[PDB]
Amino acid sequence: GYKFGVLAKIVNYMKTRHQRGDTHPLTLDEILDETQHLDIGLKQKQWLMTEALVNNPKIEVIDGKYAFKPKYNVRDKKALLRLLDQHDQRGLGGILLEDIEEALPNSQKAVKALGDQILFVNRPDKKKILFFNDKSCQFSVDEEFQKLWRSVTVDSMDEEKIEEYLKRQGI
Amino acid sequence: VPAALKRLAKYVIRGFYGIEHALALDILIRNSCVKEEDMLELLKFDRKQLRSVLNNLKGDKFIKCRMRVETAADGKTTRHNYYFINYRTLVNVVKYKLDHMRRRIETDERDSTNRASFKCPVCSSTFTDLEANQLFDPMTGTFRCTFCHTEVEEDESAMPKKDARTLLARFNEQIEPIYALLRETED
Ligand SMILES: [Zn+2]
């Protein structure tokens, strides 16, 4: 068709160019040259310059030109630790391991380096969710304690019996 | 809402429950009443995961829930689940669990001696002292289980009993901070 597809090639070419290490911004016309979009329509050019290249979260407007956004993406261990801490502080939630691996190349080194600082939750589809390890208050017990705790059923006991136990034992 | 109640709730949730339960309590600590839908978005947890956690929280009655029904702008009925922390019930449940654990410890001490002291390896089943006498045959002159006719060793029963004694001191020591918090929350 028209007016909606040429943008994808621009984004992908921009993504591939960034992977090569070219952080320098690129003009709309310059990017069009290498994407075989010299015949791109005029009303398409303005739409990209006004909406597509600003609304997207991976496009940075620098000195008028447009450049990738590696700063938002995690590309080092420190950002991963800082990013996770911010989510816990603001209660935004965890991030899937896939979102970090794509943003952070060789994320295994960062994950293993931080070690226990990251809490991993395994989704049914094998997907892993990362959460900050809040080391403020920590407490754990032996597996025997947890097994004993589970053996003490509490869901199937009514409030009347629960509170009656308190006076039964004299407390 | 004295800070003592919040501290006690945080200590118990972070000690006897997983991180998921603690995160849910944190939202309710910041705001007394919070919608179930809002909590799901903030935590980004799975719908089933949050529901299972909420049911567990309701099971221990740490936080109560109220159902509000209203008509939305588009006209479709909306039923929201509002969760609020009830410290009055939370302290009672915590007190119930602590005493139940304590009475479990004292009863467990007697349960150790109640365990059978005779075990036949051939049958692989426990044998009581009373049953051991019955199995003994006066004609034979030695005590063996009639079913398998094998010697019985009582050394195995001794080992598990010693383990429980060590747990007594550790359990009492590790639970002191919770007791101190309870005393501070009596007012
Ligand atoms: Zn026997």
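The numbering of chain B matches Swiss-Prot: 10-196, in order.
Recorded method is electron microscopy, 2.5 Å.
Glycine residues also receive a Cβ, built from the backbone N, Cα and C atoms like all the rest.
As written in Swiss-Prot, here are the features:
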{"type": "BINDING", "residues": "B:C129, B:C132, B:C154, B:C157", "note": "Zn(2+) binding site"}
{"type": "DOMAIN", "residues": "B:14-104", "note": "domain 'HTH TFE/IIEalpha-type'"}
{"type": "MOD_RES", "residues": "B:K67", "note": "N6-acetyllysine"}
{"type": "ZN_FING", "residues": "B:129-157", "note": "zinc finger"}
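Sequence features, as recorded in Swiss-Prot, placed on the structure.
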{"residue": "B:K67", "record": "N6-acetyllysine", "Cβ neighbours (10 Å)": "14"}
{"residue": "B:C129", "record": "Zn(2+) binding site", "Cβ neighbours (10 Å)": "20"}
{"residue": "B:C132", "record": "Zn(2+) binding site", "Cβ neighbours (10 Å)": "13"}
{"residue": "B:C154", "record": "Zn(2+) binding site", "Cβ neighbours (10 Å)": "22"}
{"residue": "B:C157", "record": "Zn(2+) binding site", "Cβ neighbours (10 Å)": "15"}
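Excluding B:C129, B:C132, B:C154, B:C157, which define the Zn(2+) site, the same chain contributes B:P130, B:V131, B:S133, B:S134, B:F136, B:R153, B:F156, B:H158, B:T159, B:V161 within 8 Å (Cβ to the Cβ centroid), listed in sequence order. In three-state terms derived from DSSP, the residue listed as 'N6-acetyllysine' belongs to a helical segment. Counting in whole angstrom, B:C132 (Zn(2+) binding site) lies 46 from the residue listed as 'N6-acetyllysine' by their C-alpha atoms. Ligand 1 lies under 6 Å from the Cβ of the following recorded positions, listed in sequence order from B:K67, B:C132, B:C157: B:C132, B:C157. A distance below 8 A between C-beta atoms marks none of the recorded positions from B:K67, B:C129, B:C132, B:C154, B:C157 as lying next to chain A.
Rounded to a whole number, the C-alpha distance linking B:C154 (Zn(2+) binding site) with the residue listed as 'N6-acetyllysine' is 51 angstrom. In three-state terms derived from DSSP, B:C129 (Zn(2+) binding site) belongs to an extended strand segment.
Here B:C129 (Zn(2+) binding site) is positioned 46 angstrom away from B:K67 (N6-acetyllysine), judged by their C-alpha atoms.
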